[PDB]
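Top to bottom, those sequences are chains H and V. As numbered in the working numbering, the first sequence has no gaps in its residue numbers, which increase by one up to the final residue, 105. As numbered in the working numbering, the second sequence has no gaps in its residue numbers, which increase by one up to the final residue, 1107. Notes for the one structure printed next.
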Amino acid sequence: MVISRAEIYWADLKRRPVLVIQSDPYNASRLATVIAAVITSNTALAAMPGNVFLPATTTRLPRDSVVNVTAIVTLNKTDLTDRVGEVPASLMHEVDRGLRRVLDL
Amino acid sequence: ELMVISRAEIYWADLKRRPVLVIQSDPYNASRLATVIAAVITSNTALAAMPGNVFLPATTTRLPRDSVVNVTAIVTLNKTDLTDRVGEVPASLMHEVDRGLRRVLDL
């Protein structure tokens, strides 16, 4: 399947949701890996600076979620199973700013 | 083995004990955050051809051998997992690492 940035997938880390943050050039390349940020259902992590709150109406996920930009994982592209949906441009911009903040970029 | 978890520093960690380069910003490094984000450092210098990766001489890092920062291999470790500190990456090579990270993460 086609792996794109800003997309949410289910993956085995247990089975949790992740947001693809690897750029689409590397996603389309022959690179076996894909970098992603973990999405938690514990909304209390939204207080942590840089993390991004995602309503369940936005992600088509069961519950409200939070992108934890301090929890970055490198997965095999094969580990990505069902796709959940996509994060809108505005919230993805918030995620980008959080990532630049936590990574000094 | 307490030291100070600072950016641009190289540590040994169990991912298999391998070296990692801290890329998490120092505000989060000083915070109570249990995790620390790092890029894996390989001794396979052939990965220096991969775009974005950064070659690190052993004279610069005080590492056993010449190494390469693989900016496509990013791991989130517990601050406790960082054991012996190896040294620090100069500002110029860390800037190259930053550019590679911005490229692979569209930042």
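From the three backbone atoms N, C-alpha and C, an ideal C-beta is built for every residue, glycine too.
Next on the checklist: Whole angstroms are fine: how far does the CA of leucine 1056 of chain V sit from the CA of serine 23 of chain H?
Outcome noted: Stepping through the first sequence from its first residue, residue 23 of chain H is reached at position 23. Stepping through the second sequence from its first residue, residue 1056 of chain V is reached at position 56. In a straight line, the C-alpha of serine 23 of chain H is about 24 Å away from that of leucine 1056 of chain V.
(Q) For chain V, check one thing: does any of its Cβ atoms lie closer than 8 Å to the Cβ of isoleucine 8 of chain H? (A) The residue you call residue 8 of chain H lines up with position 8 of the first sequence. No - not a single Cβ of chain V is within 8 Å of the one on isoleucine 8 of chain H.
*Helix, strand or coil at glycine 1052 of chain V according to DSSP, with G and I counted as helix*: Working through the second sequence from its first residue, we reach residue 1052 of chain V at position 52. DSSP places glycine 1052 of chain V outside both helix and strand once states are collapsed to three, so it counts as coil.
| message | Out of H/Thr70, H/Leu19 and H/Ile35, which one is the CA nearest neighbour of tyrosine 9 of chain H? | response | Here residue 9 of chain H corresponds to residue number 9 of the first sequence, with the count starting at 1. Looking at the Cα atoms, H/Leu19 is the closest of the given residues.
Is there a Cβ from chain V that is less than 8 Å from the Cβ of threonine 78 of chain H? Counting from 1 along the first sequence, the entry for residue 78 of chain H is found at position 78. Output row for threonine 78 of chain H: interface = no.
For this session: For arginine 1017 of chain V, name the three-state secondary structure that DSSP assigns.
Result: In the second sequence, residue 1017 of chain V corresponds to position 17, counting from 1. Here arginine 1017 of chain V sits in strand by DSSP.
Answer with buried or exposed for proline 1090 of chain V, where buried requires no fewer than 16 other C-beta atoms within 10 angstroms of its C-beta.
Position 90 of the second sequence, counted from the first residue, corresponds to residue 1090 of chain V. Only exposed fits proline 1090 of chain V, as fewer than 16 other CB atoms lie within 10 angstroms of its CB.
Taking just the CA atoms, how far does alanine 71 of chain H sit from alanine 1048 of chain V? On the second sequence, residue 1048 of chain V is found 48 positions in, with the first residue counted as 1. On the first sequence, residue 71 of chain H is found 71 positions in, with the first residue counted as 1. One C-alpha to the other measures close to 26 Å.
- Query: Since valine 1022 of chain V sits in a beta bridge, which residues does DSSP pair it with?
  - Reply: Locating residue 1022 of chain V in the second sequence gives position 22, where the first residue counts as 1. In the DSSP output, where bridge partners are listed per residue, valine 1022 of chain V has V/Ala1038.
Self-check item: Residue of V/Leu1063, V/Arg1065, V/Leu1082 and V/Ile1041 minimising C-alpha distance to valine 1054 of chain V
Solution: In the second sequence, counting from the first residue as 1, residue 1054 of chain V sits at position 54. Of the candidates V/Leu1063, V/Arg1065, V/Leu1082 and V/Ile1041, the residue whose Cα lies closest to the Cα of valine 1054 of chain V is V/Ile1041.
Practice problem: Taking the CB atoms as reference points, tell me whether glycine 85 of chain H and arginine 101 of chain H lie closer together than 8 Å. | Solution: Translated into positions along the first sequence, residue 85 of chain H becomes position 85. Translated into positions along the first sequence, residue 101 of chain H becomes position 101. No, the pair does not count as a contact, with Cβ atoms beyond the cut-off.
For a cutoff of 8 Å on Cβ pairs, would you count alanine 1073 of chain V as touching chain H? As a first step, residue 1073 of chain V must be located in the second sequence, where it is residue number 73. For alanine 1073 of chain V, the nearest CB of chain H lies under 8 Å from its own CB, placing it at the interface with that chain.
Q. Any Cβ of chain V within less than 8 Å of the Cβ of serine 23 of chain H?
A. Here residue 23 of chain H is taken as the residue at index 23 of the first sequence, counted from 1. So yes, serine 23 of chain H belongs to the interface.
Does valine 1004 of chain V pass the burial test, meaning 16 or more other C-beta atoms within 10 Å, or should it be called exposed? Locating residue 1004 of chain V in the second sequence gives position 4, counting from the first residue. With fewer than 16 other Cβ atoms within 10 Å, it is exposed.
Q) When the Cα of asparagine 76 of chain H is compared with those of H/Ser65, H/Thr43 and H/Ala32, which residue comes out closest? A) Position 76 of the first sequence, counted from the first residue, corresponds to residue 76 of chain H. Checking every option, the nearest Cα to that of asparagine 76 of chain H belongs to H/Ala32.
Review point. Based on the DSSP output, what are the partners of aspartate 1014 of chain V in its beta bridges?
Key: Taking the first residue of the second sequence as 1, we reach residue 1014 of chain V at position 14. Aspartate 1014 of chain V pairs with V/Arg1017.
Open item on the list: Taking the beta carbon of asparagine 1070 of chain V as the centre, do at least 16 other beta carbons fall within 10 Å, making it buried, or is it exposed?
Closed with: Locating residue 1070 of chain V in the second sequence gives position 70, counting from the first residue. Buried is the call here.
* Provide the residue span of the alpha helix (DSSP H) that contains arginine 1102 of chain V, from first to last. => For the purposes of this step, residue 1102 of chain V is taken as the residue at position 102 of the second sequence. Per DSSP, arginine 1102 of chain V belongs to the alpha helix (DSSP H) from 1091-1104.
Given a threshold of 16 other Cβ atoms within 10 Å of its Cβ, counted over all protein chains shown, does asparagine 1044 of chain V qualify as buried or as exposed? Stepping through the second sequence from its first residue, residue 1044 of chain V is reached at position 44. Exposed is the call here.
Q.
Using a Cβ-Cβ cutoff of less than 7 Å, which residues in the same chain neighbour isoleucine 35 of chain H once the five nearest sequence positions on both sides are dropped?
A. To locate residue 35 of chain H, count along the first sequence from 1; it is residue 35. Cβ neighbours of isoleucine 35 of chain H beyond the five flanking positions: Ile21, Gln22, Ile72 and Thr74.
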